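I have placed the structure first, in the form of structure tokens, so that the comments after it can refer back to it.
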Amino acid sequence: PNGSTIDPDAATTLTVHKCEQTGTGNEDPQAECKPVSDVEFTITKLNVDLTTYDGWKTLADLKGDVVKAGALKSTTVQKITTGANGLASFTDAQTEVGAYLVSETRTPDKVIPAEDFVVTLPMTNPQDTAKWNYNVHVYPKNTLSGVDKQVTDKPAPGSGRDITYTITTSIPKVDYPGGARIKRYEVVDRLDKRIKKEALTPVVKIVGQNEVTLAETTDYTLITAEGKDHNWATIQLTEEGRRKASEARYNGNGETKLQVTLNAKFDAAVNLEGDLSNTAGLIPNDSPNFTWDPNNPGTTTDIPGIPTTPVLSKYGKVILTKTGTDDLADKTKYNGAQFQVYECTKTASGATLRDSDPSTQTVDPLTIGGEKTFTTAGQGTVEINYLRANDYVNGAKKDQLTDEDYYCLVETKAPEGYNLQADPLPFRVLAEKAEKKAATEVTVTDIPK
Ligand SMILES: [Ca+2]
Ligand SMILES: [Ca+2]
Ligand SMILES: [Ca+2]
Ligand SMILES: [Ca+2]
């Protein structure tokens, strides 16, 4: 057959590449693609004859409207489910010369669906416009740009202080002016049981170009529940909240998102040693595979819906040992020394203490586990429980550290027979110790009188 015109009896294939993150028709060997298995694609042949100019003209007239293409659907349908390599490889047995509507028709809960799209077999090869390409490769786009969770714990160096979580989730684009509405939209947070689930004081916004704040009851309701190994908080948009979201996204773009702020609170003496992990998930539609019931998590442990990566806060124990240049074997002589703790900047002359509460003129020490003063006892020791790692803050490792990234002990009362210190004493709590619940061991040496 002639190479320049369409061969009605040509063998064809259609290969859909399903990737976690996201069109020439040619295979693109990298092409960064983390393949996604177990996703079903359905192709439906359209009622256009691509062996005729009129068939191509019908497609052109759609001006890329995929919903209008749906009006051309035949009853000729084929399906394939991706394997480990994320490919849905429709064969020559499954495809013929013509146009197809391609839709992702089964999607594991955690996976973002592809957008529907139309493909032709063959395509004119843009890399060689003298060729008809009968073996088409397509890399579909995600319908949602992402879901993300952040933590702000820079304000919480001492354990038990407030931590803020911010969850930001894509909103599906639906045909708002046509009457289409998101039918279900829930943001679920899997809460560590150390957080007070009854005191989250949520704030919900639609962010992007021009942000708005949504109203509880009117636009959403917060539903919390006890769980097995965690507790649970769901922000569930109401009919009006869903309407606002549907509209905002339609008039906006992919970066028009819901933003949920949760204000996590603790008992002051909370045992935060180690990692405090938080994860959220998005349920973006009313598909029956999302069986989450915000009021009945039952024994669920995995986050429902499309998950964020977890975010961590890391708090460590400090064990302070008090001694002296006299090195007495009777360690009880080093009891009764008192200390307070600050964030500080190490300097050539010691350290500059940072005021823990800038609202007042007095330079205040940190409140750590509800306490400000730590007194040696026993064998001249005291535990300071617990301090957030200096090198892990706001949900990320601080790759580079500076002299600003310190805590300081200040000796506020010397043990009997000893001097106070000349300077504050800088130290760090490192994530490598805190995340393993390993103590940070600091020795303070006193000068005898
Ligand atoms: Ca065929
Ligand atoms: Ca499910
Ligand atoms: Ca000094
Ligand atoms: Ca102050």
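Each residue in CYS344, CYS33 was given a count of other beta-carbon atoms within 10 angstrom of its own, and listing them fewest first yields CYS33, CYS344. The share of C-alpha pairs in region 1-143 whose separation exceeds 21 Å stands at 41 percent. Evaluating kT/(6 pi eta Rh) at 20 °C and 1.002 mPa s, with the Kirkwood radius of region 310-449 over Cα pairs in the Stokes-Einstein relation, gives 136 µm² s⁻¹.
Packing-based ranking of 427-439, 82-94 yields 427-439, 82-94, ordered from highest to lowest mean Cβ neighbour count within 10 Å. Over all pairs of different C-alpha atoms, region 200-327 has a mean inverse distance whose reciprocal, the Kirkwood radius, equals 17.6 Å.
Equivalent-ellipsoid semi-axes for the chain (Cα gyration tensor, √(5λ), whole Å, largest first): 61, 24, 18. Ranked for footprinting exposure by Cβ neighbours inside 10 Å, fewest first, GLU198, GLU416, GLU343 give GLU198, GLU416, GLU343.
If you model region 79-232 as an ellipsoid using its alpha carbon gyration tensor, with each semi-axis the square root of five times an eigenvalue, the axes come out at 44, 19, 16 Å, biggest first.
Evaluating 6.51 cos²θ - 1.76 cosθ + 1.60 at θ = phi - 60° for every residue in region 433-447, the Karplus couplings come out as 8, 4, 5, 9, 6, 8, 5, 8, 9, 10, 9, 10, 9, 8, 9 Hz, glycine and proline recorded as x. Rounded to 0.05, the FRET efficiency of the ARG194 and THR129 pair, given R0 = 60 Å and the Cβ-Cβ distance, is 0.45.
Given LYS110/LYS228; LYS413/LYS433; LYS149/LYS257, which pairs have Cα atoms separated by over 23 Å? Among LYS110/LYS228; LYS413/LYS433; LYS149/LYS257, the Cα-Cα distance tops 23 Å for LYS413/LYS433. Starting from the Cα gyration tensor of region 9-69, take the square roots of the eigenvalues, sort them a ≥ b ≥ c, and report rounded, prolate or oblate (rounded when a/c is under 1.5, otherwise prolate if a/b is larger than b/c, else oblate). Prolate. Hey, which of these cross-link pairs are over 31 Å Cα-Cα: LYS193/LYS331; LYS73/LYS141; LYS265/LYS437; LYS322/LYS437? Going by Cα-Cα distance, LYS193/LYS331 fall outside the 31 Å limit. Site pair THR51 and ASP162 shows an inter-label distance of 7.2 nm when each label is modelled 7 Å from Cα along Cα→Cβ.
For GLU441, nonlocal amide neighbours, meaning residues 5 or more places apart or on other chains whose placed amide H falls under 5 Å from its own, are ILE319.
For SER359 and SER287, the difference between the fully extended length at 0.36 nm per residue and the C-alpha to C-alpha distance is 20.9 nm. Given axes a ≥ b ≥ c from the Cα gyration tensor, I'd like to know whether region 181-272 is rounded (a/c under 1.5), prolate (a/b larger than b/c) or oblate. The shape class here is prolate. Counting beta carbons within 10 Å around each of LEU144, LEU14, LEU366, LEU328 and listing the fewest first gives the order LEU328, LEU144, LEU366, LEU14.
A short reminder: the numbers here are calculations on the coordinates, not readings from a lab. With ideal geometry, Cβ positions are generated from the backbone for all residues, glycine too; neighbour counts draw on all protein chains shown.
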